[PDB]
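Just below is one structure, and these are the notes that go with it.
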Amino acid sequence: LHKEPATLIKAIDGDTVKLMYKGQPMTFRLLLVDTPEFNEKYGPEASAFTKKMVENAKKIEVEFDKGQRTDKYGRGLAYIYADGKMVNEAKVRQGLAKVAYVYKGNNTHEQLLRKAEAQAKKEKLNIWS
Ligand SMILES: Cc1cn([C@H]2C[C@H](OP(=O)(O)O)[C@@H](COP(=O)(O)O)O2)c(=O)[nH]c1=O
Ligand SMILES: [Ca+2]
């Protein structure tokens, strides 16, 4: 895969970010993850962690997978990096999201994320406690 530049417009919530990609505003849904809704347990915690990761970053990057790049709602589908650290992976790694929505063709980082979730469990970290 390959990374592309982008800039933050707005950190919406756990699983979505609005970015300027190719000079155009676009909302991205993070691939391979499901964050607890704002009103569920760990929701506000999961949300802050995500927001701050993209807001504190000096450089945001977009990385599409080998399949569809947009979902049915018109959201871009990608792995997002903050100063070279993958946001999708970091969220799962700290027990603030679960690997989910693994679709044929967009699963390049599936095993890396599942290892992060296994590691987060070994520690009953956040959502695993
Ligand atoms: C992450 C992801 C979500 N989706 C769709 C499936 C779900 O459809 P439904 O709206 O019918 O449930 C929806 C959930 O995204 P959210 O978890 O943001 O709500 O987004 C994809 O199609 N591909 C993806 O890679
Ligand atoms: Ca969600």
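Quick check on region 1-19: of everything there that is hydrophobic (A, V, I, L, M, F, W, C) and outside any strand (DSSP E or B), which residue is surrounded by the fewest Cβ atoms within 10 Å (Cβ to Cβ)? Give the derivation first.
At the first step, the residues of region 1-19 found to be hydrophobic (A, V, I, L, M, F, W, C) are 1, 6, 8-9, 11-12, 17, 19.
Going one step further and asking which of them are outside any strand (DSSP E or B), we end up with 1, 12.
Working: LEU1: 10, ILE12: 16.
Here the answer is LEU1.
Mind telling me which of the residues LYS51, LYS72, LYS104 ends up being outside any strand (DSSP E or B) and either within 13 Å of the chain's Cα centre (by Cα) or more than 15 Å from ligand 1 (Cβ to nearest atom) (or both)? Steps first, please.
Working: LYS72 fails: either within 13 Å of the chain's Cα centre (by Cα) or more than 15 Å from ligand 1 (Cβ to nearest atom) (or both); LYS104 fails: either within 13 Å of the chain's Cα centre (by Cα) or more than 15 Å from ligand 1 (Cβ to nearest atom) (or both).
Within the list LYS51, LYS72, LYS104, the selection yields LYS51.
With respect to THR16, is the statement that it is in contact (Cβ under 8 Å) with a residue 24 or more places away in the chain, within 13 Å of ligand 2 (Cβ to nearest atom) and either closer than 20 Å to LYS66 by Cα or among the hydroxyl-bearing types (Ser, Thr, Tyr) (or both) true? When the stated conditions are applied, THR16 passes them.
Have a look at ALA78, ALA90, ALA118, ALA46 and point out the one that is part of a strand (DSSP E or B) and among the small types (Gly, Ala, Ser). Give the derivation first.
Values: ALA90 fails: part of a strand (DSSP E or B); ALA118 fails: part of a strand (DSSP E or B); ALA46 fails: part of a strand (DSSP E or B).
Of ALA78, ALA90, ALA118, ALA46, the one residue that is part of a strand (DSSP E or B) and among the small types (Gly, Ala, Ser) is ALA78.
Tally the residues that are within 16 Å of ligand 2 (Cβ to nearest atom) and within 16 Å of the chain's Cα centre (by Cα), restricting the search to region 20-41. First the steps, then the outcome.
Filtering region 20-41 for residues within 16 Å of ligand 2 (Cβ to nearest atom) gives 27-41.
Okay, now just the ones that are also within 16 Å of the chain's Cα centre (by Cα), so 27-38.
Matching residues across region 20-41 total 12.
Suppose we filter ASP34, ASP15 for residues that are within 17 Å of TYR73 (Cβ to Cβ) and touching a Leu at 6+ places or on another chain (Cβ under 7 Å); which single one remains?
Values: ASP34 fails: touching a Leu at 6+ places or on another chain (Cβ under 7 Å).
Criteria check complete, one pass: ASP15.
When you look at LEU96, is it over 22 Å from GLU123 (Cβ atoms) and surrounded by 18 or more Cβ atoms within 10 Å (Cβ to Cβ), yes or no? Can you show your working first?
Details: over 22 Å from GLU123 (Cβ atoms): no; surrounded by 18 or more Cβ atoms within 10 Å (Cβ to Cβ): yes.
No: the conditions fail for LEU96.
Yes or no, residue by residue, for (1) in contact with a helix residue (DSSP H, G or I) (Cβ under 6 Å, 6 or more places away or on another chain); (2) under 17 Å from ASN88 (Cβ atoms):
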| site | (1), (2) |
| --- | --- |
| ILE9 | no, no |
| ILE12 | no, yes |
| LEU32 | yes, yes |
| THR35 | yes, yes |
| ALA48 | no, yes |
| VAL62 | no, yes |
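Can you tell me which residue within region 20-43, out of those that are away from ligand 1 (no atom under 16 Å from the Cβ) and not in a loop (DSSP other than H, G, I, E, B), is surrounded by the fewest Cβ atoms within 10 Å (Cβ to Cβ)? Step through it out loud before you land on a result.
Of region 20-43, the ones away from ligand 1 (no atom under 16 Å from the Cβ) are 20-25, 41.
This time we only want the ones that are not in a loop (DSSP other than H, G, I, E, B), so: 20-21, 24-25.
Values: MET20: 14, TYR21: 21, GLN24: 8, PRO25: 11.
Looking at residues that are away from ligand 1 (no atom under 16 Å from the Cβ) and not in a loop (DSSP other than H, G, I, E, B), I get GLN24.
Listed conditions (1) under 14 Å from the mean Cα position of the chain (by Cα); (2) under 23 Å from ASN106 (Cα atoms) are all met by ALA6, apart from (1).
Scanning region 86-105 turns up at least one residue that is touching a strand residue (DSSP E or B) at 6+ places or on another chain (Cβ under 6 Å), among the small types (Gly, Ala, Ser) and farther than 16 Å from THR27 by Cα.
No lab work stands behind these numbers, since they all come straight from the coordinates. Because the Cβ atoms are built from the backbone with ideal geometry, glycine has one as well, and the counts that use them run over all protein chains shown.
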